[PDB]
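I have placed the structure first, in the form of structure tokens, so that the comments after it can refer back to it.
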Amino acid sequence: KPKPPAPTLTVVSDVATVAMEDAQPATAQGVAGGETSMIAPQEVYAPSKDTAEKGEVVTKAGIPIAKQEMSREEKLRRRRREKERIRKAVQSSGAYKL
Amino acid sequence: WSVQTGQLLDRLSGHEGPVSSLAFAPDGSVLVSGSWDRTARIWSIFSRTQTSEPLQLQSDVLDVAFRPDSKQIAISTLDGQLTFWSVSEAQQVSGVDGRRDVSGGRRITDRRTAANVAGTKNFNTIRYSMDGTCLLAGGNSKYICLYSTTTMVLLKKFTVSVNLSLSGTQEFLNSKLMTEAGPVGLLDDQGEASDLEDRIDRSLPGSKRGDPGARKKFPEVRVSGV
Amino acid sequence: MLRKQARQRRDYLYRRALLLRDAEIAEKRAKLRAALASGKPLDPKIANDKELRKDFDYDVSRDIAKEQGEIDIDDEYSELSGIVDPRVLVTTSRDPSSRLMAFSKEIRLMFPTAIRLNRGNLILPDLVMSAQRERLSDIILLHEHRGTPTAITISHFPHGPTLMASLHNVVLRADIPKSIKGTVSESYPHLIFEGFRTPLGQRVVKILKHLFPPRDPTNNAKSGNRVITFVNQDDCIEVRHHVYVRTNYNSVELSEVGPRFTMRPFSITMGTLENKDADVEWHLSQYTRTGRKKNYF
Amino acid sequence: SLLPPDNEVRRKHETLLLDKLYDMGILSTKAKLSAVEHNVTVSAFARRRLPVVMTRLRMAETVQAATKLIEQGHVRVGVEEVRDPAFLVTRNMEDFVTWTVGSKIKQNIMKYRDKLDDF
RNA sequence: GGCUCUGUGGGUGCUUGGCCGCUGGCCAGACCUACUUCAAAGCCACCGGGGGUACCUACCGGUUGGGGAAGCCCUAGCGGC
RNA sequence: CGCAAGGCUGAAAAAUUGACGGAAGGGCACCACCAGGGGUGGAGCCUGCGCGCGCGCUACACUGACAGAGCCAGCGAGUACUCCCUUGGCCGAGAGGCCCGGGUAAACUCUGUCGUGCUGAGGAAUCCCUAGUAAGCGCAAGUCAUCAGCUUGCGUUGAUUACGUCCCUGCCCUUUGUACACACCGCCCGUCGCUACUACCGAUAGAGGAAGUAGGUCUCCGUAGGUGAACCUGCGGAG
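Protein chains in written order, with the authors' numbering: chain CL, 639 to 727, 777 to 785; chain UA, 453 to 678; chain CK, 1 to 297; chain CJ, 62 to 180.
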């Protein structure tokens with residue numbers, strides 16, 4: 639029985655895949671290969687709420703929309719969708784009588 | 453498991469022994485498992501009914517391979533025989549008894565004649581051609597066999613190594629190398645070494661599959677993949 | 001495969017015997033740990049054992065872990081407790097009747113992951129063989145008298161215990177009309193057990209609550225709408241199967257959806273359904289003097 | 062042992078060490094570290110060797126006959142024939158040690174039981 | 001005529017000589033014992049686990065009595081720091 | 001032994017996390033569709049459940065009756081097992097024992113003899129069933145609960161038709177999470193609560209009512225000082 643799986647993280651850079659290749663006089667890839675930057679566009683930049691602007695929000699689509707230009711109906715619907723995700727996870780006698 | 457999801461889809465079951473060879477069909481419809489319960493299974497997973505048709509064999513299944521045009525499958529057992537089954541109507545259509553065609557042996561530390569050594573008489577791995585007309589078969593032995601899947605004959609046999617520094621490359625060892633203390637390629641000669649890191653034996657007693665000690669003097673000949 | 005089942009059952013029985021001897025020693029070692037922390041003087045037969053102190057220095061930590069409950073006891077259920085969904089098949093006797101087959105369907109529908117199998121001509125060792133060959137967690141056999149069921153046999157696999165029980169007061173699902181009943185919801189049921197206090201009661205509680213798939217523990221206290229109740233009086237465990245809506249924060253409307261039993265267990269054997277020669281753990285002692293006075297579970 | 066008794070890495074490596082030794086069949090229990098004090102033993106390794114474990118499984122009669130039979134090469138462990146009489150058989154390969162394919166010892170057992178199938 | 005046992009030779013890896021104090025000799029051998037300037041660079045080097053340490057040994061730091069390579073200086077000496 | 005052990009009393013909330021839905025898209029199901037099969041329900045018997053209801057059992061003819069021939073199982077061994085009760089007689093002083101009367105399969109295969117003859121296979125509904133499964137058949141046991149009005153095993157013979165689809169009836173789940181590459185998708189919708197703030201209404205600064213928003217290195221030279229030959233620092237010049 640091998641071992642219990644314990645979490646291990648590996649730090650990859652933004653270098654091309656011919657930096658992960660082994661040492662040899664020339665690459666095995668062509669000229670098109672060798673520009674693939676070993677981290678996807680989702681790791682180069684992903685639009686999210688932690689990297690958004692102050693006035694704006696980002697949607698689920700990855701599009702900045704501002705709270706000022708958003709209408710009341712869309713504000714209510716966005717509040718409902720976030721709430722749906724959260725759900726998924777002795778006095779006086781005159782004062783008495785009168 | 454699923455690749456795009458990451459979590460475990462299922463544990464299929466119905467085998468009475470450890471499952472030795474798996475093969476998905478090249479069109480994508482049928483898994484075939486082969487296991488040491490002397491059995492194989494045509495698993496149909498992707499349909500709405502998940503079903504398992506057994507193929508009962510004569511000994512432990514060692515290898516499973518598909519034809520590229522997926523109507524045929526060859527499964528190689530522990531007797532040394534290849535059986536060519538059909539996958540649509542699960543009937544054996546062909547068969548080769550291939551013990552003699554692959555039996556080439558007599559390692560050092562082997563007190564049997566090379567004809568009587570069992571263990572180097574089976575096909576551990578088999579692959580169809582990209583044409584689909586010729587199997588290629590290799591086991592724990594010196595010979596690679598290339599069978600025809602229609603005419604059922606051995607088209608060509610190959611020898612992997614002439615190298616006598618490996619252990620099982622000739623079936624008749626000569627009696628010049630047999631002293632009165634066993635064979636001459638068996639006496640521990642580590643003590644006649646000038647360097648300490650060559651003299652030290654950090655080996656574990658009884659470790660067939662690898663140890664970092666790894667004496668590895670006269671390793672066996674085996675074709676582990678084709 | 002069969003050699004592995006036999007070898008693992010023999011290893012389990014040997015480990016249980018070693019646990020008996022080690023418990024006889026570890027009742028003495030827990031006095032030495034409590035006297036070390038609190039300073040009360042202990043017995044000389046405990047304090048003058050050099051082997052006990054020399055081995056106590058290594059075996060502190062499992063006693064501390066058992067005190068904190070960080071480890072679980074060596075059991076046939078603790079290997080796969082909340083990891084695998086326990087699959088379970090329900091079968092009849094050999095030539096069932098129509099009401100026994102409809103009752104088999106009803107108590108299949110009681111478990112959300114169960115399957116039902118037609119017996120027909122199926123020899124009982126091959127039934128056990130096919131269960132171990134398809135890695136079933138539980139089998140449940142049914143016995144009828146004349147269209148009314150009289151016995152269950154709940155057997156845990158690969159080598160686990162049988163609980164054989166006799167059924168009384170069975171009111172079937174198949175007696176009420178389809179206008180009043182309906183298709184039973186198959187959600188993962190809550191379970192409640194009421195009145196089990198002896199270690200034998202916790203044994204039968206374990207072999208009854210490991211028949212059901214494990215509930216997702218994120219919001220299980222409020223979600224889920226289906227409950228199954230095992231409550232015993234006079235060691236005859238009575239079971240109901242309800243479905244509920246929470247009509248307010250203070251009130252709840254129940255609706256009886258499944259069959260009613262009062263099963264009484266009469267045999268708990270440490271060994272599967274095929275082993276008639278397995279060592280029993282408990283059996284209903286009739287024809288003794290005070291076997292009717294004494295209440296187990 | 063020398064770690065403090067309420068330590069997390071002590072408890073985790075106790076369970077790992079006991080599970081590893083019980084899976085290799087050296088210890089007979091996995092609930093005491095005094096087993097690794099005075100029960101792990103070169104005799105326990107040497108009785109987890111192959112001719113003694115097939116003496117216990119009654120594949121042979123005695124360890125001398127078992128060493129002779131696995132030097133002549135009748136015994137496979139799993140799917141591979143074993144010629145080394147020092148191959149340490151673990152607890153889950155004791156369910157897979159059996160005779161080889163064309164074994165005369167297997168023909169002798171089948172001829173005794175009168176099930177000698179010549180096919 | 002047959003079985004068994006034993007012995008010798010060849011083969012069981014691709015064919016370039018027997019020996020020596022080997023660029024030359026010898027297989028019948030021959031000659032016998034010379035010649036010499038300056039001991040050495042360091043490191044590593046596998047004994048099963050826990051424990052004891054009186055004695056021996058290893059390592060480190062010292063103590064008495066002798067010993068003086070080398071470094072420094074100059075009243076030049078059998079010198080001095 | 002001390003405390004518990006003194007009745008503004010007289011039966012039938014939480015929430016920035018909550019309450020209920022809808023639409024779209026999936027997955028599954030002989031409690032669904034589809035194709036077939038089989039019960040029950042008609043007559044009689046009876047356990048059981050509350051005269052009624054089903055569950056078993058039996059009878060109901062082409063798949064016939066009679067006579068032959070041949071050929072097949074598996075589970076089953078506690079000095080232990082027996083179906084009654086009686087008319088007579090024996091030996092019985094008496095209790096009894098005797099004798100004689102009365103109430104290892106089925107199936108299957110083959111060969112002949114006769115020929116539909118109170119000698120009639122179950123309505124509406126409702127339920128179940130997908131491979132050694134439905135259905136037929138016998139043999140054995142009787143295991144501390146249940147079971148002789150039966151129960152549970154065990155062998156034998158062994159099909160038709162589905163093995164697709166969510167269209168109907170439903171059940172479960174997505175619309176949050178749980179992993180990253182390719183690749184794809186692209187802010188699901190409603191009625192209210194709760195909280196914060198803002199102003200309003202009117203009785204006595206105030207509890208309510210109603211509403212809205214969220215860039216000079218190296219070397220040399222001339223200097224001036226430093227601890228003086230030299231040498232160091234600072235500056236001014238040339239290479």
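Idealized CB from N, CA, C, for every residue including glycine.
Buried versus exposed, by CB contacts within 10 Å (16 or more), residue i
{"i": "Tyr683 of chain CL", "result": "exposed"}
{"i": "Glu75 of chain CJ", "result": "buried"}
{"i": "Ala704 of chain CL", "result": "exposed"}
{"i": "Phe575 of chain UA", "result": "buried"}
{"i": "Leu616 of chain UA", "result": "exposed"}
{"i": "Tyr58 of chain CK", "result": "buried"}
{"i": "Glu649 of chain UA", "result": "exposed"}
{"i": "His99 of chain CJ", "result": "exposed"}
{"i": "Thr262 of chain CK", "result": "buried"}
{"i": "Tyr599 of chain UA", "result": "buried"}
{"i": "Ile677 of chain CL", "result": "exposed"}
{"i": "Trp488 of chain UA", "result": "buried"}
{"i": "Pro44 of chain CK", "result": "exposed"}
For residue i, the first and last residue of its enclosing alpha helix (DSSP H)
{"i": "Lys721 of chain CL", "result": "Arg710 to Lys726"}
{"i": "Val113 of chain CJ", "result": "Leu111 to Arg117"}
{"i": "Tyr783 of chain CL", "result": "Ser780 to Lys784"}
{"i": "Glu659 of chain CL", "result": "First-last for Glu659 of chain CL: undefined, no H or E at that position."}
Residue i to residue j span [Cα, whole Å]
{"i": "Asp74 of chain CK", "j": "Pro146 of chain CJ", "result": "35 Å"}
{"i": "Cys236 of chain CK", "j": "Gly82 of chain CK", "result": "28 Å"}
{"i": "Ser686 of chain CL", "j": "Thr646 of chain CL", "result": "26 Å"}
{"i": "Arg579 of chain UA", "j": "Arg661 of chain UA", "result": "25 Å"}
{"i": "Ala699 of chain CL", "j": "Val653 of chain CL", "result": "29 Å"}
{"i": "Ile154 of chain CK", "j": "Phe266 of chain CK", "result": "12 Å"}
{"i": "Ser779 of chain CL", "j": "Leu785 of chain CL", "result": "10 Å"}
{"i": "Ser78 of chain CK", "j": "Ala644 of chain CL", "result": "22 Å"}
{"i": "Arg62 of chain CK", "j": "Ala30 of chain CK", "result": "11 Å"}
Simplified DSSP state of residue i, which is helix, strand or coil
{"i": "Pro679 of chain CL", "result": "helix"}
{"i": "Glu134 of chain CK", "result": "coil"}
{"i": "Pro259 of chain CK", "result": "coil"}
{"i": "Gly547 of chain UA", "result": "strand"}
{"i": "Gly634 of chain UA", "result": "strand"}
{"i": "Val455 of chain UA", "result": "coil"}
{"i": "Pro177 of chain CK", "result": "coil"}
{"i": "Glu51 of chain CK", "result": "helix"}
{"i": "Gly86 of chain CJ", "result": "coil"}
{"i": "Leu200 of chain CK", "result": "helix"}
{"i": "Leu284 of chain CK", "result": "coil"}
{"i": "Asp43 of chain CK", "result": "coil"}
{"i": "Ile560 of chain UA", "result": "coil"}
{"i": "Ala126 of chain CJ", "result": "helix"}
For residue i: DSSP bridge partner residues
{"i": "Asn118 of chain CK", "result": "Paired residue(s): none; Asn118 of chain CK is not in a bridge."}
{"i": "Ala492 of chain UA", "result": "UA:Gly486 and UA:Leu507"}
{"i": "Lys608 of chain UA", "result": "UA:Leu598"}
{"i": "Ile703 of chain CL", "result": "CL:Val695"}
{"i": "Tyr244 of chain CK", "result": "CK:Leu254"}
{"i": "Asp515 of chain UA", "result": "UA:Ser528"}
{"i": "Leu534 of chain UA", "result": "UA:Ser528 and UA:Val548"}
{"i": "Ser473 of chain UA", "result": "UA:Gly486"}
Limits of the beta strand (DSSP E) - the one that residue i falls within
{"i": "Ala30 of chain CK", "result": "Run containing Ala30 of chain CK: none in the beta strand (DSSP E); it sits in the alpha helix (DSSP H), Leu2 to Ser38."}
{"i": "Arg174 of chain CJ", "result": "Here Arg174 of chain CJ belongs to no beta strand (DSSP E); instead the alpha helix (DSSP H) covers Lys165 to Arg174."}
{"i": "residue 304 of chain CK", "result": "In the structure as shown, chain CK starts at 1 and stops at 297, and residue 304 of chain CK therefore has no counterpart that could be examined."}
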